[PDB]
Every structure is written in C-alpha cells, then in structure tokens.
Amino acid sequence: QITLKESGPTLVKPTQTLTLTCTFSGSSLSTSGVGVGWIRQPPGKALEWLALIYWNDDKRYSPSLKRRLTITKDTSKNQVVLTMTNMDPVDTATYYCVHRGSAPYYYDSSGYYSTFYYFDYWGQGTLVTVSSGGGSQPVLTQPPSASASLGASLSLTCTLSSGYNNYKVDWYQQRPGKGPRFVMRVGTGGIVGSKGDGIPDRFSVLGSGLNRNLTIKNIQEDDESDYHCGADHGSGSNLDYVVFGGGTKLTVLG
C-alpha cells in the first residue's frame, strides 16, 4: 500500500490560484513507483487528468489546462504540490492525488515477460469549491447508467474510437462517497496483468475490437458505484496525456 493524503484550501474565490499539496508514504525514489500526479472530478462527471511529476523531476501536464498548471515536488518532505491559476466555478471538483507505479511482472499470452505503468493508488481526495463572485486523441464512450439485481451478472462496456483498436484501457471503481480505485487493465484479449488490491474475484475483463468490457458477477450491494474507464497515451513510463470516459453509474436494485 501507498498512502496519499491531499491537503489544501477547500474554498476558492473566482480568479484565484489553487495550491494543493500531497503527502506520500511508502515510497522514496523508484521503490516500486515512477511518479505522482493529480486527477480531478467535477461532482457526478468524468475524471480529468491534470499533471504528473516523475522521480527524475520530469513533468507532464494536461494539454488543454497546461497554461494554468504547475507541479513541483520536495522529496525531503515527501510532498508534491499542484498549482492551478485562474480558478472558475466549473473547476469545482474533488481533486485526487494519485501514484503512478508499475504492475507486478507477469507473463502474457505469448509468454512475454511484461509489465505496465498505471495509477495504482488513489488518495481519498479533497473537494475544492470555487465560489461565485482536442483533436486526434482516443475517445472513450461509456453508457451513462446501468442497473442490476442482487446476485445477477452484468457487463459494463467502454468503446474506443476509430483507429485505437490496439489501445488498452483501465477500469476504476468509485464506491459512492469514496474515491476511485484501480480495478483492471484490458486490451484486445483478456486481463492485462492482475487486478488491483481489494478487488474481489467477481470481476473480470474481456476486450475485442474496440470494445473493452468489465463484467461483474454475483452482484452484491457494494458494486453500486461509478465505473470509469481510462486510457494512457504514452510509450513506457512516458505519459503524453490521459483520456477518460463519461463514467457509468451502476444501480443495484433490491
């Protein structure tokens, strides 16, 4: 486990700068980790990746919000700091500190020693309220909502746009009132690597063509949550930007 604790002001007035701080524990300098970043979510809307800072002091920013974002780190204090200028009411969102690490090594279909980098640990996030006063990229399509009975089985779908049939997507489970957590990565075949910590065996993934499905079996009460799919665009540790779907809200009837 890696614990990420967000701290910072929760009420901001329009045009002001927001400065969030994240304190990480369990990692020092590439001890099963490559970076620490920030992802935000307007209430009831899609996740949005903001920034990332690597342990080699490299930085990445959202292409559309780059002019407003600055990220720094003070390793002596185990802190990364995000700075976002010219805040607006639409920037009202829960802001999540995230850790980007590497999946435990696994052997894939062809027997190839493999790994990948993903947002493997999420902070609980902080809700920042702002008072009153993108071409040629993947597009992830998720159905707005779904429903299932207790003990039933269900497949949530996440479809890639044309020309992205080789891209792998990650599924995230956000139980209500709690922050997202990594579930599984899936590409054109089956599960890529292993499922995240705390993910029960009732979850599985299967992809074909542009479709990336997350199946939940023997649906219990705690599966009621938002299920988000994302896709990382970058070769290696590298991360040009991150796309997310609209998210699917699963209601468990009964």
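All residue numbers refer to positions in the sequence shown, first residue = 1.
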Task: Unresolved deposited residues lying between neighbours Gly133 and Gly134 - done: 10 or more
TODO: Taking the mean of the C-alpha B-factors per stretch from the entry, tell me the winner out of 231-239 and 11-19.
DONE: 231-239
TODO: Would you tell me which stretch averages the higher CA B-factor in the PDB entry, 199-207 or 22-30?
DONE: 22-30
TODO: Quick one: which of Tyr121, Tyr95, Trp171, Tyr164 shows the highest Cα temperature factor in the PDB entry?
DONE: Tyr164
Task: Residue selected from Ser149, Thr83, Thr115, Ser155 by maximal Cα B factor - done: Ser149
Open item on the list: Among the modelled residues of this chain, does the Cα B factor of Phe182 put it in the lowest, middle or highest third?
Closed with: lowest
TODO: Among all modelled residues of this chain, ranked by Cα B factor, put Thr188 in the bottom, middle or top third, i.e. lowest, middle or highest.
DONE: middle
Task: For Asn218, the third of its chain into which the C-alpha B factor falls - done: highest
Open item on the list: Using the temperature factors of the C-alpha atoms in this entry, rank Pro138 within its chain: lowest, middle or highest third.
Closed with: highest
- [ ] Please place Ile53 in the lowest, middle or highest third of its chain by C-alpha B factor as given in the entry.
- [x] highest
